[PDB]
There are 2 protein chains.
Amino acid sequence: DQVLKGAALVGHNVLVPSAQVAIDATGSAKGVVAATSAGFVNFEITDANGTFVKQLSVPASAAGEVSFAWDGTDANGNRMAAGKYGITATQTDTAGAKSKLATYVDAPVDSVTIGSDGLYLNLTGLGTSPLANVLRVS
Amino acid sequence: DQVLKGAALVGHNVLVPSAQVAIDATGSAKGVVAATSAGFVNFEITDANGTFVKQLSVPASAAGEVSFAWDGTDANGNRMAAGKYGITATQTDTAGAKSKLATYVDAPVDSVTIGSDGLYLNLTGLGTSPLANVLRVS
């Protein structure tokens, strides 16, 4: 099946549901979230223990997709260590109503592996992901 | 395309990436998370403002899927109001290393709608979801 030819993903970038994002030493982690109303969404980055790292805010013209991007630095301008960081997204509509939105992280498909348990994508920085958890190639 | 016959989803349950879960007045919200190591995972339920509601903990024989279930009550045994609640999952492996895991919520596909923007699933309690964000029918 092309459930095999999904090897064409190798070399490209994908969007997968992830509660965390990753950065190397050069920096930058991007992704998107689906806003259900107009307003703004605040993306909070925490560390291993759960310590505050940085916070981003993005306006939302109206319901729809909304992108985010972390430069890999803390609120104090400091470049954080390469590794995986937790990310939480909270929406606030025009009215003040709050809600948690699912985060989708963008990552490069370094390679694909086909083992006994099906086909898996080896996402750079993030790790492993079953071909299926993919939201789309963007 | 059967990208249309995915109307067979109506009446069944699906697993979709969600940062929140929902409960009616009778109760119960379930879902799953993919543990990357053996240990335990703690699911924390928060409210609209972000107030603590309840916390669940589940052991993990080893890397793999792990299910969760909230009875709709707070840590103090109180039945919370019907509605949407935020859920966060944190893994702790045998060693004490912590990590945030992506949450997938199980919800009944009340119906399917096909509009100008493609086909959408009307998930009971959660709301809307584009056919694609679905992880699988379970």
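Naming convention: chains lettered A, B, ... in sequence-line order (proteins, then strands); numbering from 1 in each chain. All values below come from the heavy atoms of this structure, side chains included, with hydrogens, waters and symmetry mates left out.
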Same cluster or not: are [X] and [Y] linked, directly or through other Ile, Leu, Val, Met, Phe, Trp or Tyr residues, by side-chain heavy atoms under 4.5 angstrom apart?
| X | Y | answer |
| --- | --- | --- |
| B:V14 | B:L119 | yes |
| B:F43 | B:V16 | yes |
| B:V53 | B:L126 | yes |

Worksheet item: Which hydrophobic side chains are connected to B:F40, either touching it within the sub-4.5 Å cutoff or through other members that do?
Response: none
Worksheet item: How would you list, by chain and number, every residue that makes a side-chain contact (heavy atoms from CB on, under 4.5 Å) with A:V10, sequence neighbours excluded?
Response: A:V112
Response to the item:
A:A34 meets the side-chain contact (heavy atoms from CB on, under 4.5 Å) criterion, sequence neighbours left out, with none
Practice prompt. State, to 0.1 Å, how close B:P17 and A:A102 come at their nearest heavy-atom pair, and which atoms those are.
Written response: O-CB, 3.8 Å
Using distance alone, with no hydrogens and no angle check, list the donor-acceptor pairs under 3.5 Å between chain B and chain A.
residue, atom, partner, partner atom, Å
B:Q20, OE1, A:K100, N, 3.4
B:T88, OG1, A:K100, NZ, 3.4
B:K100, N, A:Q20, OE1, 3.4
B:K100, NZ, A:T88, OG1, 3.4
B:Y104, OH, A:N133, OD1, 3.4
B:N133, OD1, A:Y104, OH, 3.4

